[PDB]
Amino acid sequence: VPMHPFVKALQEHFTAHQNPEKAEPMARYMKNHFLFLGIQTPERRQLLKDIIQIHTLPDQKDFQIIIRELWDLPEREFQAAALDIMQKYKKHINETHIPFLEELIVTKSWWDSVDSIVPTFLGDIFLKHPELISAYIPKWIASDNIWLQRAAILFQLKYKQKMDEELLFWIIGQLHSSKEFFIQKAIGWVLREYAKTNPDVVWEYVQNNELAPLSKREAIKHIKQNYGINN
């Protein structure tokens, strides 16, 4: 079975505009885990737009197929485009897509893709269906996969006043001993972000519970101005 024509068209059009000179530092920035074509986001968005204008966006029956085929292509711009395309199908994504999103998290994994999946697509799903959190989060924390662990930390990132504080702190407590940078930093990030909504609770948490030094410092990057740094 041939590649979906929309994906083939995108591949052809991206490749025709590749920039090997830019590709080298772009790939180095992601620690050479991926090949790059060398197309940065403004042009990459326009090239996608070009193909939608010519071909139209595929029927929703093909949504998951298109995403997978792009995920399987070697150059990282195709996963970035896949995520742009998933946003175009946003109104069709629901709680039944959690396993599909899980599989995207644990394939071609790195912070650029995982952070584009978790606080937005998964965050929205669990905001609407909080009763499903306990069907996934314990497994993610227990897994060997640091990107599922990061997903458990960051899916609430944008919740603001809808944050489940008890859940957030329980998740952080489970992962606070991790020596993995991407886990320590995610803990720092979600605490720093939630402190914009409720600084008192984050300050109390970091003063009274164990965290990696990186996590604590990132958490209080801003609110240390509000409380002061004791001698």
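Note that the rigid core is defined as the largest set of C-alphas that superpose within 1.5 Å between two forms. In case it trips you up, residue 1 is the first one in the sequence shown, and so on.
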After superposing on the rigid core, the stretch whose C-alphas lie farther from this form in 9 other deposited structures of this protein, comparing 11 to 19 with 219 to 227, is 219 to 227
I need to verify one thing: averaged over C-alpha atoms only, is the B-factor higher for 96 to 104 or for 157 to 165?
157 to 165
So, looking at the entry's B-factor column for Cα atoms, which has the higher mean, 87 to 95 or 106 to 114?
87 to 95
Among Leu37, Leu175, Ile52, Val202, single out the one with the highest C-alpha B factor in the record, please.
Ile52
Ranked by Cα temperature factor within the chain, is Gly123 in the lowest third, the middle third or the highest third?
middle
Can you tell me which third, lowest, middle or highest, the CA B-factor of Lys61 falls into for its chain?
highest
B-factor third for the C-alpha atom of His33 within its chain:
highest
Ordered by C-alpha B-factor within the chain, which third holds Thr41? Give me lowest, middle or highest, please.
middle
Divide the modelled residues of the chain into thirds by Cα B-factor and specify which third, lowest, middle or highest, holds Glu131.
highest
